[PDB]
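These notes are about the structure you will find just below.
Below, the structure written as C-alpha cells:
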C-alpha cells in the first residue's frame, strides 16, 4: 500500500490541512486551517520526493500565514503506520520577522506535528 | 535591495538561483550543491522590505527533502539571507522516524 | 507534583531516573534505552511549580551526546515532561559538521 | 593534537564562556557571560563524551540563566579546524517557560553558536 499526501488531514490541536493533487513534478498546493469559532486559512505549497517511487515518500511545504508576518516550513514522511493508518510525521521551523539582523538569533522556533486523515 | 530574486552562494559554494516572486509571494528556483528544484513563498502581509520566507528543495539525487526558512538583511550594505533548515531523510520503518531529521543553518550572500 | 525526581518512561519504553534536585537546581540521573548518566539543571528563578529544565545525556555506548530541554505539566491530573532534544553525532572532519545534528521531541510520563 | 573544552571562549556576539577542568567522568562546570556595560553571568554544566578518547569529542551542557525563567542547552563537537584553531561548533535549544500545556508547541527556539578561544 502507498501513503498519499492528497486529502484532508488533522492533528492533535484540530488544525485542518487540505492538500491537492500532486502533479508529475511532485508539486502540490493546499490550505492550512487553524484556530486562534475563530479560525483562519492560509495557503501552502511544497513537494513530495519522487526519486525511487517509495511507498512512504518524504516531502516538505511552506505555509504562508495570512494573519502574521511569520513563515512556517514543514518536512516529514508519509508513513503507513504499524496499525495500518496513513500518518504524516513532520517537524517544522517557524520563522518570525525581526527588524534588526542582530535579533536573528532568536527568530526561529522548532517543533513537531503528527497528522492523520480527517 | 534584499529581493530573493537572483543568484546566491554560501560558505560551501552551493549555488541557489531564485526567479521572480509573483504577486502572491510564490517563487521557484534551483539548488546546485547536481541541480534540484526548489519552491517556496515569501510572506507579503505588511509588504516588508525584508519579509520572512520559506522553501522546499526537492532533491533529485536522493529520497530526502530539505526545507529552509529565514529572512534577508543588509549587514557595509551587503545583503544576506539568514536561514535555518530541516533535512528529512527517508527511513524504511516508522520506528526509525525519530532520527530522520537533521537541523542546521545556512547563510547566503549574492553570487 | 511535577517534580523531576523519580522514574520516567516514554512511548519507546526508555527508562529515565532522576535523583534529588539540590538548592541550586542541579540534578543527575541515568537514561536506559544500556544505561548512561545524565546531568542537568532546573531553572529556579521564580520558584515555579513547573520550571524549565535542561540536561545532557553522556552516552556510554557511542561517541554521541544528546541534550534535552523542556517543562513539566499536569494534563486528568497526570504529570508529563514535554521535551525537545538535539542529538550530536561525532564526525571525523569538520567538513561534515553540518549534518551532525538531529532534532526531535520526547514526551515522558511517570513510570 | 587534541581540542580541549577547558578554557575561555567567545563567539561572534562577544559572549564569554568559561569552562573548568573536565573530571574523570567527563563532567565540567563553568559560567556563561552575555550582554543585554550591562552584562550578566549564569552557571553552566555538562559533559564531554569520552568513549574512544577522540581528539575532537562531542559534548553538551545546560545554561541555567539567572536573569530569566528560560533554559538553554547546547551540544556540539570540539574540533581542530582546517586552519589549526580549536573551535566549538554548537547548536542550541532555548526553552521558554509557558503556563499552559497548550502553549508548549511554541516554547522552543533553535540556533547555532560557534566559539573560538578568547
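Chains as they are written, first to last, in the entry's author numbering: chain A, 2 to 37, 42 to 123; chain B, 203 to 235, 245 to 286, 288 to 323; chain B', 203 to 235, 245 to 286, 288 to 323; chain A', 2 to 37, 42 to 123. A prime marks a further copy of an entry chain.
Every residue gets a Cβ at the ideal spot worked out from N, C-alpha and C, and that includes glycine.
**Message:** Quick check: the Cα distance between residue 217 of chain B' and residue 292 of chain B', rounded to an integer number of angstroms?
**Reply:** 14 Å
**Message:** Can you tell me whether residue 300 of chain B is buried or exposed? The criterion is at least 16 other CB atoms within 10 Å of its CB, across all chains shown.
**Reply:** Label assigned to residue 300 of chain B: buried.
**Prompt:** Does any C-beta atom of chain A' lie closer than 7 Å to the C-beta of residue 122 of chain A?
**Reply:** It does not: the Cβ of residue 122 of chain A has no partner Cβ on chain A' nearer than 7 Å.
**Prompt:** Does the beta-carbon distance from residue 268 of chain B' to residue 80 of chain A' come in below 7 Å?
**Reply:** No, these two residues do not count as a Cβ contact at 7 Å.
**Message:** Assess contact between the region 104-121 of chain A and the region 98-116 of chain A', defined as three or more Cβ pairs (one per stretch) separated by less than 8 Å. Is contact present?
**Reply:** Under the three-pair Cβ rule at 8 Å, the region 104-121 of chain A counts as touching the region 98-116 of chain A'.
**Prompt:** When Cβ atoms are compared, which residues of the region 294-316 of chain B' fall closer than 9 Å to chain A?
**Reply:** 296, 315 and 316
**Item:** Identified DSSP bridge partners for residue 249 of chain B
**Value:** B/231 and B/268
**Request:** Report the residue ranges of all beta strand (DSSP E) runs contained in full by the region 76-108 of chain A'; include only those spanning at least 3 residues, in chain order.
**Result:** Segments of the beta strand (DSSP E) lying fully in the region 76-108 of chain A': 76-85 and 91-100.
**Item:** Beta carbon proximity, residue 247 of chain B' to chain A', threshold 7 Å
**Value:** no
**Request:** Please list, in chain order, all residues of the same chain as residue 71 of chain A whose beta carbon is under 6 Å from its beta carbon, the five residues on each side excluded.
**Result:** 47
**Item:** residue 13 of chain A' at chain B' interface by Cβ criterion, 7 Å
**Value:** Answer no: the Cβ-Cβ gap between residue 13 of chain A' and chain B' never drops below 7 Å.
**Request:** Check the DSSP bridge columns for residue 22 of chain A' and list the partner residues they point to.
**Result:** Bridge partners of residue 22 of chain A' according to DSSP: none are assigned.
**Asked** Does the distance from the C-beta atom of residue 306 of chain B to that of residue 86 of chain A stay below 7 Å?
**Response** yes
**Request:** Output the distance between the C-alpha atoms of residue 262 of chain B' and residue 30 of chain A', rounded to the nearest integer angstrom.
**Result:** 21 Å
**Request:** Determine the chain A residues that contact residue 270 of chain B at a beta-carbon separation under 8 Å, and present them in chain order.
**Result:** The answer, in chain order, is 54 and 56.
**Below-7 Å beta-carbon distance, residue 225 of chain B' vs any chain A' residue** = no
**Item:** Buried or exposed (CB count within 10 angstroms, at least 16 for buried), residue 289 of chain B'
**Value:** exposed
**Item:** Anticipated Cβ contact below 8 Å, residue 122 of chain A with residue 51 of chain A, distance rounded
**Value:** Not a contact, Cβ separation roughly 18 Å.
**Asked** Going by alpha carbons, who is nearest to residue 53 of chain A out of B/253, B/274, B/220 and B/284?
**Response** Of the candidates B/253, B/274, B/220 and B/284, the one whose C-alpha sits nearest the C-alpha of residue 53 of chain A is B/274.
**Request:** Measure the beta-carbon distance from residue 240 of chain B to residue 65 of chain A and round it to whole angstroms, keeping in mind my assumption that it falls under 8 Å.
**Result:** Absent from the coordinates is residue 240 of chain B, which sits in the stretch where chain B moves from 235 straight to 245.
**Request:** Just the C-alpha distance for residue 59 of chain A and residue 302 of chain B, rounded to the nearest angstrom, thanks.
**Result:** 9 Å
**Item:** Contact list for residue 205 of chain B' against chain A', beta-carbon separation under 8 Å
**Value:** None at all; the shortest Cβ gap to chain A' is about 16 Å.
**Item:** CA nearest to the CA of residue 223 of chain B', picked from B'/245, B'/204 and B'/215
**Value:** B'/204
**Request:** List the whole-angstrom C-beta distance separating residue 34 of chain A from residue 44 of chain A, where the pair is believed to meet the contact cut-off of C-beta under 8 Å.
**Result:** 6 Å
**Message:** I'd like to know if residue 251 of chain B' contacts chain A', where contact means its C-beta is closer than 7 Å to some C-beta of that chain.
**Reply:** At a cut-off of 7 Å between beta-carbon atoms, residue 251 of chain B' makes contact with chain A'.
**Message:** Please tell me whether residue 27 of chain A' and residue 11 of chain A' are closer than 7 Å, where the distance is taken between their beta carbons.
**Reply:** no
**Request:** Using a cut-off of 8 Å between C-beta atoms, extract the partners of residue 231 of chain B' located in chain A'.
**Result:** Under the 8 Å cutoff, chain A' gives no residues; its nearest Cβ is about 13 Å from residue 231 of chain B'.
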